[PDB]
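*Asks:* File name model.csv; file contents CSV, C-alpha atoms and all ligand atoms; full text below.
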```
chain,number,residue,atom,x,y,z
A,1,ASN,CA,0.0,0.0,0.0
A,2,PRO,CA,1.7,3.2,-1.2
A,3,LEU,CA,-0.1,5.3,1.3
A,4,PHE,CA,2.1,3.8,3.9
A,5,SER,CA,5.4,4.3,2.2
A,6,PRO,CA,7.4,7.0,4.3
A,7,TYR,CA,7.8,10.4,2.8
A,8,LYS,CA,10.2,13.2,3.5
A,9,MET,CA,8.3,16.5,3.6
A,10,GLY,CA,11.5,18.5,3.7
A,11,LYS,CA,12.4,18.8,7.3
A,12,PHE,CA,9.5,16.5,8.5
A,13,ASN,CA,9.8,12.7,8.1
A,14,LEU,CA,6.3,11.3,7.7
A,15,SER,CA,5.5,7.6,8.2
A,16,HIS,CA,2.5,7.6,5.9
A,17,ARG,CA,0.8,9.8,3.3
A,18,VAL,CA,-2.8,10.2,4.9
A,19,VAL,CA,-3.2,13.9,5.8
A,20,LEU,CA,-5.9,15.4,7.9
A,21,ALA,CA,-7.3,18.1,5.7
A,22,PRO,CA,-8.0,21.6,7.2
A,23,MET,CA,-11.6,21.7,8.3
A,24,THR,CA,-13.6,24.5,9.9
A,25,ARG,CA,-15.7,22.9,12.7
A,26,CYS,CA,-16.8,26.0,14.8
A,27,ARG,CA,-16.1,24.5,18.3
A,28,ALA,CA,-13.5,27.3,19.1
A,29,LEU,CA,-15.9,29.3,21.2
A,30,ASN,CA,-15.4,33.1,20.9
A,31,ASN,CA,-12.4,32.4,18.6
A,32,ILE,CA,-10.5,30.8,21.5
A,33,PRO,CA,-9.2,27.3,20.9
A,34,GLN,CA,-11.1,25.0,23.4
A,35,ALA,CA,-10.2,21.8,25.1
A,36,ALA,CA,-12.6,20.0,22.7
A,37,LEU,CA,-10.1,20.8,19.9
A,38,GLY,CA,-7.4,19.1,21.9
A,39,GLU,CA,-9.4,15.9,22.2
A,40,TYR,CA,-10.4,16.1,18.5
A,41,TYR,CA,-6.9,16.5,17.0
A,42,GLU,CA,-5.5,14.0,19.6
A,43,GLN,CA,-8.0,11.3,18.4
A,44,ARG,CA,-6.8,11.8,14.8
A,45,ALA,CA,-3.1,12.2,15.4
A,46,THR,CA,-0.8,9.2,14.5
A,47,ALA,CA,2.9,8.6,14.8
A,48,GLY,CA,4.5,10.2,11.8
A,49,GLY,CA,1.2,11.6,10.5
A,50,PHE,CA,0.6,15.1,9.2
A,51,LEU,CA,-2.3,17.2,10.5
A,52,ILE,CA,-3.6,20.6,9.2
A,53,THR,CA,-5.8,22.6,11.5
A,54,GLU,CA,-9.1,24.2,10.7
A,55,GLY,CA,-8.7,27.6,9.1
A,56,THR,CA,-7.5,30.1,11.8
A,57,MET,CA,-8.1,33.8,11.9
A,58,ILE,CA,-5.1,36.1,11.3
A,59,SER,CA,-6.8,39.3,12.5
A,60,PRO,CA,-10.1,40.6,13.9
A,61,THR,CA,-11.6,41.0,10.3
A,62,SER,CA,-10.5,37.6,9.0
A,63,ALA,CA,-13.6,35.5,10.0
A,64,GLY,CA,-16.8,34.6,8.2
A,65,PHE,CA,-17.9,31.6,10.4
A,66,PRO,CA,-18.9,31.5,14.0
A,67,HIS,CA,-16.5,30.3,16.7
A,68,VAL,CA,-13.5,29.6,14.5
A,69,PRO,CA,-10.1,30.0,16.2
A,70,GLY,CA,-7.7,32.8,15.8
A,71,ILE,CA,-4.0,32.9,16.4
A,72,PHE,CA,-3.6,36.7,16.6
A,73,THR,CA,-3.9,37.1,20.4
A,74,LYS,CA,-1.6,35.9,23.2
A,75,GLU,CA,-4.6,34.2,24.8
A,76,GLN,CA,-5.2,32.2,21.5
A,77,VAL,CA,-1.5,31.3,21.4
A,78,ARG,CA,-1.7,30.1,25.0
A,79,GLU,CA,-4.6,27.8,24.3
A,80,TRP,CA,-3.3,26.5,20.9
A,81,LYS,CA,-0.1,25.5,22.8
A,82,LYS,CA,-2.0,22.9,24.9
A,83,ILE,CA,-3.5,21.4,21.7
A,84,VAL,CA,-0.2,21.2,19.9
A,85,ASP,CA,1.4,19.6,22.9
A,86,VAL,CA,-1.0,16.6,23.0
A,87,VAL,CA,-0.8,16.2,19.2
A,88,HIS,CA,3.0,16.1,19.4
A,89,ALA,CA,2.8,13.6,22.3
A,90,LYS,CA,1.3,11.2,19.7
A,91,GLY,CA,4.3,11.8,17.3
A,92,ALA,CA,2.3,13.7,14.6
A,93,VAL,CA,3.3,16.8,12.6
A,94,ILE,CA,0.7,19.6,12.7
A,95,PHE,CA,0.4,22.8,10.7
A,96,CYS,CA,-1.9,25.8,11.4
A,97,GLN,CA,-3.9,27.0,8.4
A,98,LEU,CA,-4.0,30.8,8.3
A,99,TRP,CA,-7.3,31.9,7.0
A,100,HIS,CA,-8.8,35.3,5.9
A,101,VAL,CA,-12.3,35.0,4.3
A,102,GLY,CA,-12.2,38.5,2.7
A,103,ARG,CA,-15.6,39.3,1.3
A,104,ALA,CA,-17.1,36.0,2.4
A,105,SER,CA,-18.1,37.4,5.7
A,106,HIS,CA,-21.0,39.4,7.3
A,107,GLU,CA,-21.5,42.4,9.5
A,108,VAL,CA,-22.1,40.0,12.5
A,109,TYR,CA,-18.6,38.7,12.1
A,110,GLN,CA,-16.9,42.0,11.8
A,111,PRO,CA,-15.7,44.5,14.5
A,112,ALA,CA,-18.2,47.3,14.9
A,113,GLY,CA,-20.3,45.6,12.2
A,114,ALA,CA,-18.0,47.1,9.5
A,115,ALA,CA,-18.0,45.9,5.9
A,116,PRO,CA,-15.8,42.9,5.1
A,117,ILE,CA,-12.6,43.7,3.1
A,118,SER,CA,-11.8,42.4,-0.3
A,119,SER,CA,-9.9,43.1,-3.6
A,120,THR,CA,-13.2,44.4,-5.0
A,121,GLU,CA,-16.5,46.1,-4.1
A,122,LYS,CA,-18.5,43.3,-5.7
A,123,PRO,CA,-20.4,41.1,-3.3
A,124,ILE,CA,-20.7,37.3,-3.6
A,125,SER,CA,-23.9,36.7,-5.6
A,126,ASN,CA,-27.2,35.7,-4.0
A,127,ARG,CA,-26.5,32.1,-5.2
A,128,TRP,CA,-24.5,31.8,-2.0
A,129,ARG,CA,-25.6,32.3,1.6
A,130,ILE,CA,-23.5,32.7,4.7
A,131,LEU,CA,-24.0,30.6,7.9
A,132,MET,CA,-25.1,32.8,10.7
A,133,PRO,CA,-24.3,32.2,14.4
A,134,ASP,CA,-27.9,31.2,15.1
A,135,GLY,CA,-27.9,28.5,12.4
A,136,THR,CA,-29.8,30.5,9.8
A,137,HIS,CA,-28.3,31.7,6.4
A,138,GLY,CA,-27.7,35.4,5.8
A,139,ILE,CA,-26.8,37.6,2.8
A,140,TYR,CA,-23.2,38.3,1.8
A,141,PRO,CA,-22.9,42.1,2.0
A,142,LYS,CA,-21.0,44.5,-0.3
A,143,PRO,CA,-17.3,44.4,0.7
A,144,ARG,CA,-14.9,47.3,0.9
A,145,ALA,CA,-12.1,47.3,-1.6
A,146,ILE,CA,-8.8,47.9,0.3
A,147,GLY,CA,-5.9,50.0,-0.8
A,148,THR,CA,-2.3,49.0,-1.1
A,149,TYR,CA,-1.4,50.3,2.3
A,150,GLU,CA,-4.2,48.1,3.8
A,151,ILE,CA,-3.0,45.2,1.6
A,152,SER,CA,0.5,45.5,3.2
A,153,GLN,CA,-1.1,45.4,6.6
A,154,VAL,CA,-2.9,42.2,5.8
A,155,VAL,CA,0.4,40.7,4.7
A,156,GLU,CA,1.8,41.8,8.1
A,157,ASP,CA,-1.1,40.0,9.8
A,158,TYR,CA,-0.1,36.8,8.0
A,159,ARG,CA,3.5,37.3,9.1
A,160,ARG,CA,2.6,37.9,12.7
A,161,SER,CA,0.2,35.0,12.8
A,162,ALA,CA,2.8,32.7,11.3
A,163,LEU,CA,5.2,33.7,14.1
A,164,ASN,CA,2.5,33.2,16.8
A,165,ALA,CA,2.0,29.7,15.3
A,166,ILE,CA,5.6,28.9,15.8
A,167,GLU,CA,5.4,30.3,19.3
A,168,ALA,CA,2.5,28.0,20.1
A,169,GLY,CA,4.7,25.0,19.0
A,170,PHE,CA,3.2,24.4,15.5
A,171,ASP,CA,5.6,22.7,13.1
A,172,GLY,CA,4.5,25.2,10.4
A,173,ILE,CA,1.7,27.0,8.7
A,174,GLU,CA,-0.5,26.7,5.6
A,175,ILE,CA,-1.6,29.7,3.7
A,176,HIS,CA,-5.3,29.3,2.8
A,177,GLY,CA,-5.2,30.8,-0.7
A,178,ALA,CA,-8.1,28.8,-2.0
A,179,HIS,CA,-11.9,28.5,-2.3
A,180,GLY,CA,-12.9,32.1,-3.1
A,181,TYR,CA,-11.5,33.6,0.2
A,182,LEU,CA,-9.4,36.7,0.5
A,183,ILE,CA,-6.3,35.6,-1.5
A,184,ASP,CA,-8.5,33.9,-4.2
A,185,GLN,CA,-10.4,37.2,-4.4
A,186,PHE,CA,-7.2,38.7,-5.7
A,187,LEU,CA,-6.2,35.7,-7.9
A,188,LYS,CA,-9.5,35.1,-9.8
A,189,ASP,CA,-10.2,37.4,-12.7
A,190,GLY,CA,-13.9,36.8,-12.1
A,191,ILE,CA,-13.5,38.7,-8.8
A,192,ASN,CA,-10.4,41.0,-9.1
A,193,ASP,CA,-11.6,44.1,-11.0
A,194,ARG,CA,-8.8,46.3,-9.7
A,195,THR,CA,-7.2,49.0,-11.8
A,196,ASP,CA,-4.0,49.4,-9.7
A,197,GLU,CA,-0.9,47.3,-9.4
A,198,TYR,CA,-2.9,44.4,-7.8
A,199,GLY,CA,-5.2,43.8,-10.7
A,200,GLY,CA,-5.6,44.0,-14.5
A,201,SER,CA,-3.1,41.3,-15.5
A,202,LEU,CA,-2.3,37.8,-14.4
A,203,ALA,CA,1.0,38.9,-13.0
A,204,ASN,CA,-0.7,41.7,-11.0
A,205,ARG,CA,-3.4,39.3,-9.7
A,206,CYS,CA,-0.7,37.0,-8.4
A,207,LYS,CA,1.0,39.8,-6.5
A,208,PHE,CA,-1.0,39.4,-3.3
A,209,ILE,CA,-0.3,35.7,-2.8
A,210,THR,CA,3.3,36.1,-3.7
A,211,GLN,CA,3.8,38.8,-1.1
A,212,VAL,CA,1.9,36.8,1.6
A,213,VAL,CA,4.1,33.7,0.9
A,214,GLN,CA,7.2,35.8,0.8
A,215,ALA,CA,6.4,37.4,4.2
A,216,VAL,CA,5.7,34.1,6.0
A,217,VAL,CA,8.8,32.4,4.4
A,218,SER,CA,11.0,35.2,5.6
A,219,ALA,CA,9.4,34.9,9.1
A,220,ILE,CA,9.6,31.2,9.8
A,221,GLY,CA,11.4,29.6,6.9
A,222,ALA,CA,10.2,28.1,3.7
A,223,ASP,CA,10.2,24.5,4.9
A,224,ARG,CA,7.6,25.4,7.5
A,225,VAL,CA,5.2,26.9,5.0
A,226,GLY,CA,2.5,25.2,2.9
A,227,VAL,CA,0.3,26.9,0.3
A,228,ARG,CA,-3.2,25.9,-0.6
A,229,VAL,CA,-4.9,27.0,-3.9
A,230,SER,CA,-7.9,25.9,-6.0
A,231,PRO,CA,-7.6,27.5,-9.4
A,232,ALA,CA,-10.6,25.5,-10.6
A,233,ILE,CA,-13.3,25.7,-8.0
A,234,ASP,CA,-17.1,26.3,-7.9
A,235,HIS,CA,-17.3,28.2,-4.7
A,236,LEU,CA,-18.4,31.8,-3.8
A,237,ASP,CA,-18.3,33.0,-7.4
A,238,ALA,CA,-14.5,32.4,-7.7
A,239,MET,CA,-14.1,31.8,-11.4
A,240,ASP,CA,-11.2,32.5,-13.7
A,241,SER,CA,-11.2,32.6,-17.5
A,242,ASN,CA,-8.1,30.4,-17.7
A,243,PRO,CA,-7.8,28.2,-14.5
A,244,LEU,CA,-4.8,26.2,-15.7
A,245,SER,CA,-2.9,29.4,-16.6
A,246,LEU,CA,-3.7,31.0,-13.3
A,247,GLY,CA,-2.5,27.8,-11.5
A,248,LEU,CA,0.7,27.7,-13.5
A,249,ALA,CA,1.3,31.4,-12.8
A,250,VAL,CA,1.0,30.7,-9.1
A,251,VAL,CA,3.3,27.6,-9.3
A,252,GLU,CA,6.0,29.6,-11.2
A,253,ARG,CA,6.0,32.2,-8.4
A,254,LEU,CA,6.3,29.5,-5.8
A,255,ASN,CA,9.2,27.9,-7.7
A,256,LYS,CA,10.9,31.4,-7.9
A,257,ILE,CA,10.4,32.0,-4.2
A,258,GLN,CA,12.0,28.7,-3.4
A,259,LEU,CA,15.0,29.5,-5.6
A,260,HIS,CA,15.4,32.9,-4.1
A,261,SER,CA,15.1,31.5,-0.5
A,262,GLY,CA,17.4,28.6,-1.2
A,263,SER,CA,14.8,26.1,0.2
A,264,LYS,CA,11.6,24.4,-0.8
A,265,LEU,CA,8.3,25.2,0.7
A,266,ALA,CA,6.7,22.4,2.8
A,267,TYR,CA,4.2,21.7,0.1
A,268,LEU,CA,1.7,22.9,-2.4
A,269,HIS,CA,-1.9,21.8,-1.6
A,270,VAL,CA,-4.5,21.9,-4.4
A,271,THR,CA,-8.2,21.2,-4.3
A,272,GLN,CA,-9.6,18.9,-6.9
A,273,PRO,CA,-12.3,20.7,-9.0
A,274,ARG,CA,-14.8,17.9,-8.4
A,275,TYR,CA,-15.1,19.0,-4.8
A,276,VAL,CA,-18.5,20.7,-4.2
A,277,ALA,CA,-20.7,21.6,-1.3
A,278,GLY,CA,-15.9,20.3,-16.6
A,279,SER,CA,-14.8,16.9,-17.9
A,280,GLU,CA,-13.6,14.4,-15.4
A,281,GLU,CA,-10.5,13.7,-17.5
A,282,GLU,CA,-9.7,17.4,-17.9
A,283,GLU,CA,-10.0,17.9,-14.1
A,284,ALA,CA,-7.5,15.1,-13.4
A,285,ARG,CA,-5.3,16.6,-16.1
A,286,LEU,CA,-5.3,20.0,-14.5
A,287,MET,CA,-4.2,18.5,-11.2
A,288,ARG,CA,-1.3,16.6,-12.8
A,289,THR,CA,-0.2,19.6,-14.9
A,290,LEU,CA,0.1,21.7,-11.7
A,291,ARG,CA,1.9,18.9,-9.9
A,292,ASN,CA,4.4,18.4,-12.8
A,293,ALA,CA,5.1,22.1,-12.9
A,294,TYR,CA,5.8,22.6,-9.1
A,295,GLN,CA,9.3,21.9,-7.7
A,296,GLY,CA,8.3,20.1,-4.5
A,297,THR,CA,5.7,18.2,-2.5
A,298,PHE,CA,2.1,18.0,-3.9
A,299,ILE,CA,-0.9,17.3,-1.6
A,300,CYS,CA,-4.1,16.6,-3.4
A,301,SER,CA,-7.5,17.0,-1.7
A,302,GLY,CA,-11.2,16.8,-2.6
A,303,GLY,CA,-13.4,13.7,-2.8
A,304,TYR,CA,-10.6,11.1,-2.2
A,305,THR,CA,-11.4,7.6,-1.1
A,306,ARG,CA,-9.1,4.8,0.1
A,307,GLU,CA,-8.9,3.5,-3.5
A,308,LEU,CA,-8.5,7.0,-5.1
A,309,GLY,CA,-5.8,7.9,-2.6
A,310,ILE,CA,-3.8,4.7,-3.2
A,311,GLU,CA,-4.1,5.4,-6.9
A,312,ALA,CA,-3.0,9.0,-6.7
A,313,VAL,CA,0.2,8.1,-4.9
A,314,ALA,CA,0.9,4.9,-6.9
A,315,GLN,CA,0.6,6.8,-10.2
A,316,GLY,CA,2.7,9.8,-9.0
A,317,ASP,CA,-0.2,12.2,-9.2
A,318,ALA,CA,0.5,13.3,-5.6
A,319,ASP,CA,2.9,12.8,-2.8
A,320,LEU,CA,0.3,13.1,0.1
A,321,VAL,CA,-3.5,12.8,0.1
A,322,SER,CA,-5.6,14.9,2.5
A,323,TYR,CA,-9.0,13.6,3.7
A,324,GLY,CA,-11.7,15.8,5.1
A,325,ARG,CA,-15.2,14.3,5.6
A,326,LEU,CA,-14.0,10.8,6.2
A,327,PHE,CA,-11.6,12.1,8.8
A,328,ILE,CA,-14.5,13.8,10.6
A,329,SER,CA,-16.3,10.5,11.1
A,330,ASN,CA,-13.3,8.1,11.4
A,331,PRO,CA,-10.9,9.4,14.1
A,332,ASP,CA,-8.7,6.4,13.2
A,333,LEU,CA,-9.0,6.9,9.5
A,334,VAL,CA,-5.3,6.1,9.0
A,335,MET,CA,-5.5,2.7,10.7
A,336,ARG,CA,-8.8,2.0,8.9
A,337,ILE,CA,-7.1,2.7,5.5
A,338,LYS,CA,-4.1,0.5,6.5
A,339,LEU,CA,-6.3,-2.5,7.5
A,340,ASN,CA,-8.9,-1.7,4.7
A,341,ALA,CA,-11.5,-1.7,7.5
A,342,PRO,CA,-15.0,-0.4,6.8
A,343,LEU,CA,-15.3,3.4,7.2
A,344,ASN,CA,-18.2,5.0,9.1
A,345,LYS,CA,-20.5,7.6,7.6
A,346,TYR,CA,-20.3,11.3,8.5
A,347,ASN,CA,-23.3,13.5,9.6
A,348,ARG,CA,-23.1,16.9,7.8
A,349,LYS,CA,-25.7,18.3,10.3
A,350,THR,CA,-23.0,18.5,13.0
A,351,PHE,CA,-20.1,19.8,10.8
A,352,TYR,CA,-20.5,23.4,12.0
A,353,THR,CA,-22.3,23.1,15.3
A,354,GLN,CA,-20.8,24.2,18.6
A,355,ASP,CA,-21.2,21.1,20.7
A,356,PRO,CA,-17.8,20.1,22.1
A,357,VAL,CA,-18.7,16.4,21.8
A,358,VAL,CA,-21.6,15.6,19.5
A,359,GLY,CA,-20.6,15.1,15.9
A,360,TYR,CA,-17.1,16.1,17.0
A,361,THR,CA,-15.4,13.7,19.3
A,362,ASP,CA,-18.1,11.0,19.7
A,363,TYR,CA,-17.4,9.2,16.4
A,364,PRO,CA,-15.9,5.9,17.7
A,365,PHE,CA,-12.7,4.0,17.0
A,366,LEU,CA,-12.5,0.6,15.5
A,367,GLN,CA,-13.7,-1.9,18.2
B,1,LIG,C1,-16.8,20.8,7.3
B,1,LIG,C2,-15.7,21.2,6.4
B,1,LIG,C3,-14.8,22.2,6.7
B,1,LIG,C4,-13.8,22.6,5.9
B,1,LIG,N1,-13.0,23.7,6.2
B,1,LIG,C5,-11.9,24.0,5.4
B,1,LIG,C6,-11.1,25.1,5.8
B,1,LIG,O1,-11.3,25.7,6.9
B,1,LIG,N2,-10.0,25.4,5.0
B,1,LIG,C7,-9.7,24.7,3.9
B,1,LIG,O2,-8.8,25.0,3.2
B,1,LIG,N3,-10.6,23.7,3.5
B,1,LIG,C8,-11.6,23.3,4.3
B,1,LIG,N4,-12.4,22.2,3.9
B,1,LIG,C9,-12.1,21.5,2.7
B,1,LIG,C10,-11.2,20.3,3.1
B,1,LIG,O3,-9.9,20.8,3.6
B,1,LIG,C11,-10.9,19.3,2.1
B,1,LIG,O4,-10.2,19.8,1.0
B,1,LIG,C12,-12.1,18.5,1.6
B,1,LIG,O5,-13.0,18.2,2.7
B,1,LIG,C13,-11.6,17.3,0.9
B,1,LIG,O6,-12.7,16.6,0.4
B,1,LIG,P1,-13.3,15.3,1.2
B,1,LIG,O7,-14.1,15.7,2.3
B,1,LIG,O8,-14.0,14.4,0.2
B,1,LIG,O9,-12.1,14.5,1.8
B,1,LIG,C14,-13.5,21.9,4.7
B,1,LIG,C15,-14.3,20.8,4.4
B,1,LIG,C16,-15.4,20.5,5.2
B,1,LIG,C17,-16.3,19.3,4.8
B,2,LIG,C1,-16.6,23.4,-2.9
B,2,LIG,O1,-15.5,24.0,-2.3
B,2,LIG,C2,-15.7,24.4,-0.9
B,2,LIG,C3,-14.4,24.9,-0.4
B,2,LIG,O2,-14.6,25.7,0.7
B,2,LIG,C4,-14.2,25.0,1.9
B,2,LIG,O3,-14.1,23.9,1.8
B,2,LIG,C5,-14.0,25.8,3.2
B,2,LIG,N1,-13.0,26.4,3.5
B,2,LIG,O4,-11.9,26.6,2.6
B,2,LIG,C6,-15.1,25.7,4.3
B,2,LIG,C7,-15.0,26.6,5.4
B,2,LIG,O5,-16.0,24.9,4.2
```
Now that the file is in, can you turn its structure into structure tokens?
*Replies:*
Amino acid sequence: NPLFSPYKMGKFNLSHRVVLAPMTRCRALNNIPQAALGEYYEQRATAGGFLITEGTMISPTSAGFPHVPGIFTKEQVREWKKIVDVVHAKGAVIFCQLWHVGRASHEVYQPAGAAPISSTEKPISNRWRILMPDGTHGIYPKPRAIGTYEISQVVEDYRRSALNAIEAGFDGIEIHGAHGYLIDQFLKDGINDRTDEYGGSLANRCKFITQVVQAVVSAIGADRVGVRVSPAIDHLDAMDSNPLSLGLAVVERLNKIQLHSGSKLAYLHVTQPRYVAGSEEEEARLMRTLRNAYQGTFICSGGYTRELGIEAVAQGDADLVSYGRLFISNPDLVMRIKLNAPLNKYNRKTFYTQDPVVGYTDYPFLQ
């Protein structure tokens, strides 16, 4: 089974290639990591396994979900430390995903009820609704398009958050540059309608992600930095006229950052276009084209099964395979995939609820 061949992710020696995908679960009450998070990641940690946390706020304006953690306060750092300690006790590697939602937010999630920030003044269309703290769905508002000064301040938020993650003991961080959130709002020409140096050409639309990655690489070192993108995704009106070219433009800039820094990033993480909340062959081809173009470790994500994961690694389509929903409902997903044991179903109704146990840590282990 190729999923259990060891793999060297730069400075981290992994014993297998089953990765816990980053997953927002909304148990971090008032944006403070809670003890429930400690039990949840502990259940899923394995010796030599790689975990990526739920997306984590880099600033008070970053959030667009209720009770998601931050890592921009010392209190948050203090509580994350306890969670990282118990994961490390199991011998796992864990990265903190740094997450800014941009225009995918709401007045209720913003300080003083201010407008969410974005590359653009265009709101997400009414085809998408935002989950509210009371469990209803609200309207995405019109965002405020930020200037280049404010852009440089968001980059500094990323840099400070990456340092706080290292202070909490994280092995590294992942830049959430995917799924129509803030970075993807700069990347996608369906969203970025800017007329300054951050829009109007493919090179300009890649500026924001390049400067974010550069800042965090300089702060904590390239081999502690992973980057997630989804050039072809149907989420929150994040379309591009040429998804493969956008992906390859990002990859080229990551390659160049690596050469200038003298070290490879931890990995590039790409979401399969089939992942939803046009050809099957052209979608597998886009993934392999990006993998072949990038000088380093490739993590694929989105709709993988045990068989699809084995095949991705055996065929050289990816080095690591991250699992989301199946990891929600199978705390010992790694052992189950090793033994080819039956997997348990997941309940989407408790994906984003606040209960510290139900649908969170009460999915059982193999008997
Ligand atoms: C409940 C839930 C929360 C998620 N939260 C995040 C997130 O915060 N950041 C992110 O990059 N991806 C997030 N994802 C996407 C996953 O990281 C992963 O790519 C996806 O679940 C893989 O597809 P799979 O569930 O079939 O394994 C989330 C997915 C789910 C189902
Ligand atoms: C169909 O693609 C959906 C991608 O969006 C996500 O998976 C996500 N965060 O990135 C959350 C919070 O669910």
*Asks:* Please extract the residues at most 6 Å from ligand LIG 2 (chain B), counting all atoms listed in the file, and provide them as JSON, numbers by chain, using the chain letters and residue numbers of this document.
*Replies:* {"A": [24, 179, 234, 235, 275, 276, 277]}
*Asks:* Name the residues, by chain letter and number, that sit within 6 Å of ligand LIG 1 (chain B) using all atoms listed in the file, and give them as a count of residues only.
*Replies:* 17
*Asks:* Which residue gives the smallest distance to residue 41 in chain A among A:110, A:120, A:330, A:73, with only C-alpha atoms counted?
*Replies:*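 When distances to residue 41 in chain A are compared using only C-alpha atoms, the smallest one comes from A:330.
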*Asks:* As an exercise, work out the distance from CA of residue 77 in chain A to CA of residue 96 in chain A in Å and give it to one decimal place.
*Replies:*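 Result for CA of residue 77 in chain A versus CA of residue 96 in chain A: 11.4 Å, one decimal.
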*Asks:* Residues within 9 Å of residue 165 in chain A, please, as a compact mmCIF listing (two decimals) with C-alpha atoms, in the frame of the given file. Count only C-alpha atoms; anything in the same chain fewer than 5 positions from it doesn't count.
*Replies:*
```txt
# COMPACT_ATOMS: atom_id res chain seq x y z
CA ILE A 71 -4.00 32.90 16.40
CA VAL A 77 -1.50 31.30 21.40
CA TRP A 80 -3.30 26.50 20.90
CA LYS A 81 -0.10 25.50 22.80
CA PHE A 95 0.40 22.80 10.70
CA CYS A 96 -1.90 25.80 11.40
CA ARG A 160 2.60 37.90 12.70
CA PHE A 170 3.20 24.40 15.50
CA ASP A 171 5.60 22.70 13.10
CA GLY A 172 4.50 25.20 10.40
CA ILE A 173 1.70 27.00 8.70
```
*Asks:* Dump as a tab-separated table the rows for residues of range 252-273 of chain A within 8 Å of range 201-222 of chain A: closest atom pair and distance in Å with one decimal, all atoms listed in the file counted, ordered by chain and rising residue number.
*Replies:*
```
residue	atom	partner	partner_atom	distance
A:253	CA	A:210	CA	6.7
A:254	CA	A:210	CA	7.5
A:257	CA	A:214	CA	7.0
A:258	CA	A:222	CA	7.3
A:261	CA	A:222	CA	7.3
A:263	CA	A:222	CA	6.1
A:264	CA	A:222	CA	6.0
A:265	CA	A:222	CA	4.6
A:266	CA	A:222	CA	6.7
```
*Asks:* Which of these residues is nearest to residue 29 in chain A, using all atoms listed in the file: A:280, A:42, A:240, A:79?
*Replies:*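 Of A:280, A:42, A:240, A:79, the one nearest residue 29 in chain A is A:79, counting all atoms listed in the file.
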*Asks:* Report, in Å with one decimal, the straight-line distance from CA of residue 198 in chain A to CA of residue 292 in chain A.
*Replies:* 27.5 Å
*Asks:* What separation in Å, quoted to one decimal, exists between CA of residue 161 in chain A and CA of residue 269 in chain A?
*Replies:*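 We find that CA of residue 161 in chain A and CA of residue 269 in chain A lie 19.6 Å from each other.
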*Asks:* Taking all atoms listed in the file into account, name the residue in A:98, A:93, A:318, A:286 that is nearest to residue 163 in chain A.
*Replies:*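 Of all the options, A:98 lies closest to residue 163 in chain A.
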*Asks:* Could you name the residues that touch residue 364 in chain A at 10 Å or less, counting all atoms listed in the file, but leaving out those on the same chain fewer than 6 positions away, as a list in words?
*Replies:*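 Residues near the query, excluding close chain neighbours: residues 43, 329, 330, 331, 332 and 344 of chain A.
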*Asks:* Using only C-alpha atoms, find the one residue out of A:196, A:30, A:311, A:164 that sits nearest to residue 133 in chain A.
*Replies:*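 Using only C-alpha atoms, residue 133 in chain A sits closest to A:30.
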*Asks:* Taking into account all atoms listed in the file, which residue in the set A:92, A:168, A:101, A:37 is nearest to residue 140 in chain A?
*Replies:* A:101
*Asks:* Give the answer as one residue: which of A:248, A:58, A:28, A:227 has the shortest atom-to-atom distance to residue 153 in chain A, using only C-alpha atoms?
*Replies:* A:58
*Asks:* Hey, what's within 9 Å of residue 117 in chain A if we count all atoms listed in the file and toss same-chain stuff fewer than 6 positions away? As a ChimeraX atom specification, please?
*Replies:* /A:61-62,101-105,143-146,182
*Asks:* Emit the selected residues as a JSON list (two decimals), in the coordinates of the input, including C-alpha atoms.
*Replies:*
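The resulting again38.json:
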```json
[["chain", "number", "residue", "atom", "x", "y", "z"],
["A", 61, "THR", "CA", -11.60, 41.00, 10.30],
["A", 62, "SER", "CA", -10.50, 37.60, 9.00],
["A", 101, "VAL", "CA", -12.30, 35.00, 4.30],
["A", 102, "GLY", "CA", -12.20, 38.50, 2.70],
["A", 103, "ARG", "CA", -15.60, 39.30, 1.30],
["A", 104, "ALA", "CA", -17.10, 36.00, 2.40],
["A", 105, "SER", "CA", -18.10, 37.40, 5.70],
["A", 143, "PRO", "CA", -17.30, 44.40, 0.70],
["A", 144, "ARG", "CA", -14.90, 47.30, 0.90],
["A", 145, "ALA", "CA", -12.10, 47.30, -1.60],
["A", 146, "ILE", "CA", -8.80, 47.90, 0.30],
["A", 182, "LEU", "CA", -9.40, 36.70, 0.50]]
```
